[PDB]
């Protein structure tokens, strides 16, 4: 009925601005001197050259990299094609590059960039030989798929009705030519339907994937020449992805069944199962050279599986260090893969007949990756990664998410490397809510099951606690909810808390920004039966006045336009009411979430600084 701090939802309230000013001041006094000391170490790690997108062309590989304040798109062995710095002297204003694609011949390249934090992006299609900009399209278009003279592309409608007259958010597919533009796909798609197109390997079939929400889809295939003959060949109810049309059959990676991932093929109405469900999730597959190449997610890290087209396992490939493995691009003869891990920013791999390492960036030092399990309330085994340095000062930085079908697999945290070097241990927990063990591993953290995610996390913290570790719990967004909720319930299992860009108010999350999008995950606060399980764990509603709490850092951004800062502000106040040792950090830099590489870098440093100071 009534929320005492509902006024905090107006971020322009001077009471709110005053809170930000005072608290930033507080937090800066607490870790500033330490943060300034650590920053060159974090930046040294953050500023590392890091690959982004890669493409196969007949003239060679084209890939983008991030370095320092710069983003370049370049010939793999050769020249820089696009710089971010050259562009920022074309406008005199700061520019972010978003992504690119090329034609298969490597004569045309299209990329996208937003000048300033301006909402509208821009797309430039340049000739790869002169560097000429043969077209500039504003606003930015996506899915640029070259065919002959023109190309298909998808436009996303955020603010405005689609041409056929449908309210946002919606998406439409087009075809551009010397002649002009025309919508070729999407008419009547109500808001929520999102689409994409990819070519088959031979390039003579279009493959179109419809998605409603983040949950469900249908597949359309047809001649790449004519959209009028793009007929629907598969209809699903749970996340599917179309792999390729090889020799008349559409190969599909589907989580239908138990929800672990299987490969099916469809030819002229008839469905046959190529690769059945395994014990562990099948997260992706690509077809290369009469061989199926598959990413199997064994306990939240990747191993590589090679199958014949008829579904017969030829071999598997394992890695020295547990890492994440994703395809970057593929043609008929080969695939590029991106690998990453805790102390390995990236490896670029090429699979053709064998797996070949063609580029690598790793951080030297005596670092170790181990694994172990915790036992949750109901006996569920909660896997977690362990990263250790040369020495062990018995302090843990424990990262969790647990939701939205998002698997926490090995990745690179720049600010953790100085923490390892200082004798710290990084822990990454695989809680329910994610996709580590399939579609039901996800469902087991949704709605009325959310307390499982918390129970999984406590299981890990309490286990680390029993072993003599000082513990810092950390999470962002849905992870920020994770840490706030675990805080209100078991403050005894952690020596400090780091709560980032969090959802806190579980009864009003749907009224703020785009929060209603999370209703399938969390529940509906407008339904009294959902409020009953929501009210049981809602951090904003469960701050225990008689419990004694650890140092707690809530952090967010003022112009963050996805996760409303008022969640942070409200929880801060609730902790402050009962005199908890809480701090509040509010980034002042607007525009996109990462203002610049340096502002972000400095924020990560403050996190490390808070951990080091409070775990000492």
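Positions refer to the first chain, counted from 1.
Discussion item. Please compare 91-99 with 289-297 and say which has the higher mean C-alpha temperature factor in the record.
Written reply: It is 91-99 that shows the higher mean C-alpha B-factor.
Discussion item. Quick check on the record: does 349-357 or 471-479 carry the larger mean Cα temperature factor?
Written reply: Here the higher of the two C-alpha B-factor means belongs to 349-357.
Item to complete: Can you pull the Cα B-factors for 532, 256, 83, 378 from the entry and say which is highest?
Response: Out of 532, 256, 83, 378, the record gives the largest C-alpha B-factor to 83.
Fill in: Maximum C-alpha temperature factor, selected from 313, 442, 463, 338
The record points to 313.
Practice prompt. Taking the chain's C-alpha temperature factors as the reference, tell me which third residue 37 falls into: lowest, middle or highest.
Written response: It belongs to the lowest third of the chain when residues are ordered by C-alpha B-factor.
Discussion item. Please place residue 448 in the lowest, middle or highest third of its chain according to the CA B-factor in the PDB entry.
Written reply: For residue 448, whose C-alpha B-factor we compare with every modelled residue in the chain, the answer is the lowest third.
Worksheet item: By the record's CA B-factor, is residue 167 among the lowest, middle or highest third of residues in the chain?
Response: It belongs to the middle third of the chain when residues are ordered by C-alpha B-factor.
Practice prompt. Please rank the C-alpha B-factors of the chain's modelled residues and tell me whether residue 560 sits in the lowest, middle or highest third.
Written response: Highest third.
Worksheet item: In terms of the CA temperature factor given in the entry, to which third of its chain does residue 371 belong: lowest, middle or highest?
Response: For residue 371, the deposited C-alpha B-factor lands in the lowest third.
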